[PDB]
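Structure below is target02.cif: mmCIF, C-alpha atoms and all ligand atoms.
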```cif
data_upload
loop_
_atom_site.label_atom_id
_atom_site.label_comp_id
_atom_site.auth_asym_id
_atom_site.auth_seq_id
_atom_site.Cartn_x
_atom_site.Cartn_y
_atom_site.Cartn_z
CA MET A 1 50.78 24.25 -66.39
CA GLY A 2 49.79 27.20 -64.22
CA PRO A 3 48.33 28.99 -62.53
CA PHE A 4 51.15 31.47 -61.87
CA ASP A 5 51.18 34.16 -59.22
CA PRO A 6 52.80 37.58 -59.75
CA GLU A 7 56.17 36.44 -58.38
CA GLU A 8 56.14 33.38 -60.60
CA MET A 9 55.55 35.49 -63.71
CA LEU A 10 58.15 38.02 -62.62
CA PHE A 11 60.61 35.14 -62.24
CA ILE A 12 59.78 33.88 -65.75
CA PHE A 13 60.05 37.25 -67.46
CA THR A 14 63.28 38.26 -65.72
CA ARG A 15 64.94 34.85 -66.18
CA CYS A 16 64.08 34.85 -69.87
CA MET A 17 65.44 38.39 -70.27
CA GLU A 18 68.62 37.48 -68.37
CA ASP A 19 69.20 34.55 -70.71
CA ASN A 20 68.34 36.31 -73.98
CA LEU A 21 69.20 40.00 -73.87
CA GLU A 22 72.11 40.88 -76.14
CA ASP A 23 75.41 41.86 -74.53
CA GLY A 24 76.11 44.89 -76.71
CA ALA A 25 74.66 48.27 -77.63
CA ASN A 26 71.16 46.81 -78.12
CA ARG A 27 70.83 45.59 -74.52
CA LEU A 28 69.18 48.60 -72.90
CA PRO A 29 66.86 49.43 -75.84
CA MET A 30 65.69 45.79 -75.97
CA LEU A 31 65.20 45.63 -72.20
CA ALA A 32 63.07 48.80 -72.29
CA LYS A 33 60.72 47.27 -74.88
CA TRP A 34 60.52 43.70 -73.58
CA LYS A 35 59.72 44.92 -70.04
CA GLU A 36 56.66 46.69 -71.45
CA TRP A 37 55.42 43.61 -73.35
CA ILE A 38 56.76 45.02 -76.64
CA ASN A 39 58.41 42.03 -78.30
CA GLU A 40 60.69 43.92 -80.65
CA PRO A 41 62.67 43.86 -82.83
CA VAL A 42 60.81 40.91 -84.35
CA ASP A 43 63.74 40.15 -86.69
CA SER A 44 66.24 39.76 -83.85
CA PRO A 45 67.24 36.23 -82.76
CA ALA A 46 67.48 37.60 -79.20
CA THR A 47 63.82 38.71 -79.25
CA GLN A 48 62.76 35.44 -80.82
CA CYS A 49 64.47 33.30 -78.19
CA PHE A 50 63.25 35.57 -75.38
CA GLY A 51 59.68 35.05 -76.62
CA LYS A 52 60.12 31.29 -76.97
CA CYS A 53 61.59 31.19 -73.43
CA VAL A 54 58.55 32.90 -71.93
CA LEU A 55 56.13 30.72 -73.90
CA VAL A 56 57.90 27.54 -72.78
CA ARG A 57 58.10 28.48 -69.10
CA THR A 58 54.41 29.45 -69.03
CA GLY A 59 53.39 26.32 -70.92
CA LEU A 60 51.82 28.22 -73.83
CA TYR A 61 54.28 26.45 -76.11
CA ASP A 62 54.86 22.77 -75.44
CA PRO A 63 58.27 21.85 -76.92
CA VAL A 64 57.57 18.11 -76.49
CA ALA A 65 54.21 18.30 -78.30
CA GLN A 66 55.69 20.87 -80.74
CA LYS A 67 52.39 22.76 -80.46
CA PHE A 68 50.85 25.63 -78.56
CA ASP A 69 48.60 24.83 -75.59
CA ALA A 70 45.82 27.12 -74.38
CA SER A 71 45.21 25.10 -71.20
CA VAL A 72 47.32 27.48 -69.08
CA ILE A 73 45.12 30.42 -70.16
CA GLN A 74 42.03 28.77 -68.66
CA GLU A 75 43.99 27.69 -65.55
CA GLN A 76 45.23 31.25 -65.15
CA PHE A 77 41.76 32.80 -65.52
CA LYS A 78 40.25 30.28 -63.07
CA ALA A 79 42.83 31.35 -60.48
CA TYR A 80 42.44 35.06 -61.27
CA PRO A 81 38.83 35.95 -62.27
CA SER A 82 39.56 39.64 -61.63
CA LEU A 83 42.26 39.70 -64.34
CA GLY A 84 40.08 38.83 -67.31
CA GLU A 85 36.75 39.27 -69.03
CA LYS A 86 35.42 35.83 -70.02
CA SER A 87 34.73 36.62 -73.70
CA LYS A 88 38.20 38.16 -74.14
CA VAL A 89 39.94 35.30 -72.33
CA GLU A 90 38.06 32.83 -74.53
CA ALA A 91 39.04 34.76 -77.70
CA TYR A 92 42.71 34.62 -76.61
CA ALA A 93 42.55 30.92 -75.75
CA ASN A 94 40.83 30.24 -79.09
CA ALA A 95 43.57 32.08 -81.01
CA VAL A 96 46.22 29.96 -79.25
CA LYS A 97 44.27 26.71 -79.79
CA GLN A 98 44.01 27.44 -83.53
CA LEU A 99 47.72 28.17 -84.10
CA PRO A 100 49.30 25.46 -86.27
CA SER A 101 51.69 22.85 -84.94
CA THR A 102 55.03 24.62 -84.85
CA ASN A 103 58.70 23.59 -84.89
CA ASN A 104 60.71 23.89 -81.65
CA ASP A 105 63.06 26.66 -82.74
CA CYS A 106 62.99 30.26 -81.55
CA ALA A 107 62.22 31.81 -84.92
CA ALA A 108 59.27 29.52 -85.68
CA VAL A 109 57.71 29.71 -82.22
CA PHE A 110 58.06 33.48 -82.09
CA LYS A 111 56.69 34.05 -85.60
CA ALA A 112 53.63 31.88 -84.91
CA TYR A 113 52.78 33.52 -81.60
CA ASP A 114 53.53 37.17 -82.47
CA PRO A 115 50.11 37.82 -84.16
CA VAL A 116 48.39 36.43 -81.06
CA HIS A 117 50.56 38.54 -78.77
CA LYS A 118 49.54 41.69 -80.64
CA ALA A 119 45.87 40.76 -81.18
CA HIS A 120 45.47 39.83 -77.49
CA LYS A 121 48.08 42.03 -75.84
CA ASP A 122 45.90 43.50 -73.09
CA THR A 123 44.12 40.22 -72.41
CA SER A 124 47.39 38.32 -72.00
CA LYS A 125 49.20 41.12 -70.14
CA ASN A 126 46.35 41.45 -67.64
CA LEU A 127 46.00 37.71 -67.10
CA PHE A 128 49.69 36.96 -66.61
CA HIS A 129 50.49 39.74 -64.12
CA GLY A 130 51.90 42.25 -66.59
CA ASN A 131 49.39 45.00 -65.75
CA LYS A 132 51.26 47.27 -63.32
CA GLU A 133 48.17 48.66 -61.56
CA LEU A 134 46.40 45.32 -61.21
CA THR A 135 49.57 43.57 -60.05
CA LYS A 136 50.27 46.26 -57.42
CA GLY A 137 46.82 45.59 -55.95
CA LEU A 138 47.39 41.84 -55.89
CA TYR A 139 50.76 42.21 -54.14
CA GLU A 140 49.04 44.35 -51.50
CA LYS A 141 46.30 41.74 -50.99
CA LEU A 142 48.87 38.97 -50.62
CA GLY A 143 51.30 40.94 -48.41
CA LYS A 144 53.56 38.71 -46.30
CA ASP A 145 52.19 35.60 -48.04
CA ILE A 146 54.09 36.17 -51.30
CA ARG A 147 57.65 37.26 -51.92
CA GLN A 148 57.33 40.99 -52.71
CA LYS A 149 59.20 42.94 -55.36
CA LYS A 150 62.72 43.81 -54.18
CA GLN A 151 62.48 41.33 -51.27
CA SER A 152 65.11 38.66 -50.63
CA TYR A 153 63.38 35.33 -51.22
CA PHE A 154 65.23 33.95 -48.19
CA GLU A 155 63.84 36.77 -46.02
CA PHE A 156 60.33 36.11 -47.32
CA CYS A 157 60.59 32.50 -46.10
CA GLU A 158 62.33 33.45 -42.84
CA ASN A 159 59.56 35.92 -42.03
CA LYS A 160 56.86 33.32 -42.65
CA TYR A 161 58.39 30.57 -40.52
CA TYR A 162 60.50 32.49 -37.96
CA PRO A 163 58.55 35.75 -37.61
CA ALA A 164 60.02 38.95 -36.18
CA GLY A 165 58.83 39.57 -32.63
CA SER A 166 58.30 35.85 -31.98
CA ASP A 167 60.30 33.42 -29.85
CA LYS A 168 61.23 31.65 -33.13
CA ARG A 169 63.19 34.58 -34.55
CA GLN A 170 66.35 33.65 -32.60
CA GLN A 171 66.75 30.45 -34.63
CA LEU A 172 67.81 32.52 -37.64
CA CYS A 173 71.23 32.92 -35.96
CA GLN A 174 71.90 29.22 -36.53
CA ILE A 175 69.92 28.89 -39.77
CA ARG A 176 71.88 31.65 -41.53
CA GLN A 177 75.12 29.92 -40.50
CA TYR A 178 74.08 26.75 -42.37
CA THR A 179 73.07 24.72 -39.32
CA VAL A 180 70.74 21.99 -40.58
CA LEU A 181 67.86 21.71 -38.12
CA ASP A 182 65.79 18.49 -37.93
CA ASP A 183 62.32 19.70 -37.04
CA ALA A 184 59.18 19.90 -39.19
CA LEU A 185 59.21 23.72 -39.17
CA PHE A 186 62.72 23.90 -40.59
CA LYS A 187 61.87 21.31 -43.24
CA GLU A 188 58.94 23.47 -44.37
CA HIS A 189 61.02 26.64 -44.31
CA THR A 190 63.71 24.91 -46.39
CA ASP A 191 61.03 23.76 -48.85
CA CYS A 192 59.99 27.43 -49.17
CA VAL A 193 63.56 28.49 -49.94
CA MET A 194 64.53 25.62 -52.27
CA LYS A 195 61.35 26.02 -54.31
CA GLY A 196 61.71 29.81 -54.29
CA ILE A 197 65.12 29.60 -55.95
CA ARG A 198 63.90 26.77 -58.18
CA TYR A 199 66.34 24.08 -56.99
CA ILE A 200 63.18 22.04 -56.36
CA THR A 201 60.19 22.15 -58.74
CA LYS A 202 56.47 22.48 -57.86
CA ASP A 203 56.21 18.65 -57.96
CA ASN A 204 59.08 18.26 -55.48
CA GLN A 205 61.70 17.28 -58.08
CA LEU A 206 65.38 18.23 -58.04
CA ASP A 207 66.42 20.63 -60.82
CA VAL A 208 70.14 19.95 -61.20
CA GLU A 209 70.50 22.57 -63.93
CA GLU A 210 69.29 25.35 -61.62
CA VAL A 211 71.88 24.40 -58.96
CA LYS A 212 74.55 24.26 -61.66
CA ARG A 213 73.52 27.70 -62.91
CA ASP A 214 74.30 29.17 -59.49
CA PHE A 215 77.67 27.40 -59.26
CA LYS A 216 78.68 28.77 -62.65
CA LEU A 217 77.70 32.28 -61.52
CA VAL A 218 80.27 32.06 -58.71
CA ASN A 219 82.90 30.71 -61.12
CA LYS A 220 82.80 27.13 -59.82
CA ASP A 221 82.94 23.99 -61.91
CA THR A 222 79.93 21.72 -61.69
CA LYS A 223 81.36 18.23 -62.27
CA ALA A 224 81.87 17.53 -58.57
CA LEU A 225 78.44 19.03 -57.81
CA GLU A 226 76.75 16.72 -60.30
CA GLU A 227 78.41 13.67 -58.73
CA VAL A 228 77.33 14.79 -55.26
CA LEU A 229 73.77 15.39 -56.45
CA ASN A 230 73.66 11.98 -58.14
CA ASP A 231 74.61 10.41 -54.79
CA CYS A 232 72.06 12.58 -52.94
CA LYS A 233 69.41 11.56 -55.49
CA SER A 234 70.28 7.88 -55.01
CA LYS A 235 69.25 8.36 -51.36
CA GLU A 236 66.24 10.60 -52.02
CA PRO A 237 63.49 10.17 -49.39
CA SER A 238 60.07 8.86 -50.45
CA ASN A 239 58.04 11.53 -48.59
CA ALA A 240 57.65 14.41 -51.06
CA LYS A 241 57.56 17.13 -48.38
CA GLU A 242 61.07 16.26 -47.18
CA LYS A 243 62.84 16.35 -50.53
CA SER A 244 63.85 20.06 -50.37
CA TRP A 245 65.32 19.59 -46.90
CA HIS A 246 67.04 16.36 -47.96
CA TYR A 247 68.91 18.05 -50.79
CA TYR A 248 69.76 21.10 -48.72
CA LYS A 249 71.18 18.94 -45.90
CA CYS A 250 73.01 16.69 -48.37
CA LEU A 251 74.67 19.62 -50.13
CA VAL A 252 75.59 21.40 -46.87
CA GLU A 253 77.25 18.23 -45.53
CA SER A 254 78.91 17.19 -48.83
CA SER A 255 82.39 17.55 -50.37
CA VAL A 256 81.09 20.58 -52.33
CA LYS A 257 79.74 22.34 -49.22
CA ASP A 258 82.00 25.40 -49.49
CA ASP A 259 81.20 26.00 -53.16
CA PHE A 260 77.52 25.37 -52.36
CA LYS A 261 77.46 27.95 -49.57
CA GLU A 262 79.18 30.45 -51.87
CA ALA A 263 76.71 29.80 -54.69
CA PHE A 264 73.68 29.84 -52.34
CA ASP A 265 74.83 33.08 -50.70
CA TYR A 266 75.14 34.79 -54.08
CA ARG A 267 71.74 33.44 -55.12
CA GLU A 268 70.23 35.04 -52.01
CA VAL A 269 71.74 38.38 -53.05
CA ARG A 270 70.40 38.08 -56.60
CA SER A 271 66.96 37.00 -55.30
CA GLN A 272 66.60 40.49 -53.81
CA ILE A 273 66.24 42.01 -57.30
CA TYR A 274 64.90 39.71 -59.99
CA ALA A 275 66.23 42.15 -62.64
CA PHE A 276 69.71 42.03 -60.96
CA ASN A 277 71.57 41.28 -64.21
CA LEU A 278 69.30 42.96 -66.74
CA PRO A 279 70.73 46.47 -67.28
CA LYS A 280 74.13 44.73 -67.59
CA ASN A 281 75.59 41.42 -66.47
CA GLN A 282 77.10 42.13 -63.04
CA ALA A 283 80.57 40.85 -62.14
CA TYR A 284 80.68 38.49 -59.17
CA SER A 285 83.15 39.13 -56.39
CA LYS A 286 83.37 36.90 -53.33
CA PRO A 287 82.28 38.97 -50.31
CA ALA A 288 84.87 39.54 -47.59
CA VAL A 289 84.55 36.95 -44.81
CA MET A 290 76.11 38.02 -36.88
CA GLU A 291 73.02 40.14 -36.23
CA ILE A 292 69.30 39.39 -36.60
CA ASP A 293 67.12 42.54 -36.68
CA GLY A 294 69.98 44.46 -35.05
CA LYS A 295 70.22 41.94 -32.18
CA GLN A 296 73.56 40.20 -31.62
CA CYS A 297 73.62 36.43 -32.12
CA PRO A 298 75.05 34.42 -29.18
CA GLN A 299 77.03 32.44 -31.79
CL CL A 301 62.27 42.21 -57.84
#
```
When written as structure tokens, how does the structure in this file appear?
Ligand SMILES: [Cl-]
Amino acid sequence: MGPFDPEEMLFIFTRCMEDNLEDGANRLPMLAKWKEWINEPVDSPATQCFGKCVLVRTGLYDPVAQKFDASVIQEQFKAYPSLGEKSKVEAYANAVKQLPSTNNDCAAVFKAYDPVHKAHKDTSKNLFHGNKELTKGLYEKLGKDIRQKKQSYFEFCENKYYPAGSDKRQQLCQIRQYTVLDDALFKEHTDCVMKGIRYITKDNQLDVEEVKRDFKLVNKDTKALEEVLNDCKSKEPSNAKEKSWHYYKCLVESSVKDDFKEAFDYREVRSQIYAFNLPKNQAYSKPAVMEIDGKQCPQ
């Protein structure tokens, strides 16, 4: 588990908040605290499950082992020497290592970790891209090489593989209209997108639940999707680097293609603001039915 870059941690925090914030009067007060690494109220099931969510996605809590795991702390510090002081990182890792084996329920996981969170707040916040000043500097260093805050993930990938001002830019006319290109460049670009929206994991595996999540958000049933994906999986290519493209092509050409395009389009919109749904769950409405950088597409 790990290391995680700033975008990866932002994804984790915002996803866990989206899934765990209450839907009533407590929503905004809780959001204001959790955003600032204040895991309160400690007695709230919402806070407890939020905390467990973050710990599971980072690998600090291993739900299979039913124990905490400090390995990610060392992986994180190795990747980001500027974000920790060795003695402090070691003290934090030690505190995690010495936590007892803990049941895989929100309350138990949260209660066990909370003392560590508080005793090592700055250490953990700095290391895992929660320090606003440090993270701003890292985003500047990375520039075009990482998806930036408030940037469409699709645009991040497009700009990497089909850069503005290049003879490649024109291909976006076809790409944005769901034309499935066959070349190595497009396969890499599609890997960038599919991994960026988490349809494909870091180890090139399909995450059916993530695709389903996006169907449900556009009010589409997922039974037909699951059947299509099962068929696509039965014909999965053996070369790891082609798996993202394989699933993209399969979905685009399948009997769920229209629902897929609708779901994928809305995911692109939501990828522009990771906190899209946090102040309040936003209602989805199908956009009314092309230009690239102001230039008219010939198709
Ligand atoms: Cl964002």
What does the list of residues within 8 Å of ligand CL 301 (chain A) look like if you count all atoms listed in the file, written as a list in words?
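Every residue with an atom at most 8 Å from ligand CL 301 (chain A) is listed here: residues 10, 148, 149, 150, 151, 271, 272, 273, 274 and 275 of chain A.
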Using only C-alpha atoms, which of A:43, A:167, A:145, A:231 sits nearest residue A:5?
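Using only C-alpha atoms, the shortest distance to residue A:5 belongs to A:145.
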Using all atoms listed in the file, pick whichever of A:254, A:238, A:71, A:296 has the shortest atom-to-atom distance to residue A:173.
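Going through A:254, A:238, A:71, A:296 one by one, the smallest distance to residue A:173 is for A:296.
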Atom CA of residue A:192 to atom CA of residue A:225 measures 22.0 Å
Closest to residue A:57 among A:232, A:95, A:12, A:25, using only C-alpha atoms?
A:12
Residues at most 12 Å from residue A:3, counting only C-alpha atoms, excluding those fewer than 6 positions away in the same chain, as a VMD selection string?
chain A and resid 9 57 to 60 71 to 81 127 to 129 202
Excluding same-chain residues fewer than 4 positions from residue A:21, what lies within 10 Å of it counting only C-alpha atoms, as a PyMOL selection string?
chain A and resi 16-17+26-31+34+45-47+49-50+278-281
Mind listing as a VMD selection string all residues within 9 Å of (43.8, 42.2, -73.4), counting only C-alpha atoms?
chain A and resid 84 to 85 88 to 89 92 119 to 127
Leaving out residue A:159 and any residue of its chain fewer than 6 positions from it, which residues lie within 12 Å of it when counting only C-alpha atoms, given as a list in words?
residues 143, 144, 145, 146, 147, 151, 152, 153, 165, 166, 168, 169, 170, 171, 172, 189, 192, 193, 292 and 293 of chain A
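For the pair atom CA of residue A:18 and atom CA of residue A:33, the separation is 14.2 Å.
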Which of these residues is nearest to residue A:157, using only C-alpha atoms: A:132, A:233, A:261, A:195?
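Result for the nearest residue to residue A:157: A:195.
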For a test of reading the model, state the distance in Å between atom CA of residue A:246 and atom CA of residue A:11, rounded to one decimal.
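One can read the atom CA of residue A:246 to atom CA of residue A:11 distance as 24.5 Å.
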For stretch 104-113 of chain A, please output as number ranges by chain all residues within 7 Å (counting all atoms listed in the file; exclusion window: fewer than 2 positions along the same chain).
A: 48-49, 51-52, 63, 66, 102, 115-117
Resulting file, chosen residues, C-alpha atoms, as a PDB file, in the frame of the given file:
```pdb
ATOM      1  CA  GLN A  48      62.760  35.440 -80.820  1.00  0.00           C
ATOM      2  CA  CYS A  49      64.470  33.300 -78.190  1.00  0.00           C
ATOM      3  CA  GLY A  51      59.680  35.050 -76.620  1.00  0.00           C
ATOM      4  CA  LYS A  52      60.120  31.290 -76.970  1.00  0.00           C
ATOM      5  CA  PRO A  63      58.270  21.850 -76.920  1.00  0.00           C
ATOM      6  CA  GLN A  66      55.690  20.870 -80.740  1.00  0.00           C
ATOM      7  CA  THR A 102      55.030  24.620 -84.850  1.00  0.00           C
ATOM      8  CA  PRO A 115      50.110  37.820 -84.160  1.00  0.00           C
ATOM      9  CA  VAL A 116      48.390  36.430 -81.060  1.00  0.00           C
ATOM     10  CA  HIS A 117      50.560  38.540 -78.770  1.00  0.00           C
TER      11      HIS A 117
END
```
Name the residues in contact with residue A:207 at a cut-off of 12 Å, using all atoms listed in the file, excluding same-chain residues fewer than 5 positions from it; report them as a ChimeraX atom specification.
/A:194-195,197-202,212-214,226,229-230,233,243-244,247
Which residue is closest to residue A:175? Choose from A:138, A:56, A:297, A:93 and count all atoms listed in the file.
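So, comparing all the options, the nearest one is A:297.
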Smallest atom-to-atom distance to residue A:241: which of A:276, A:268, A:219, A:187, using all atoms listed in the file?
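The closest residue to residue A:241 is A:187.
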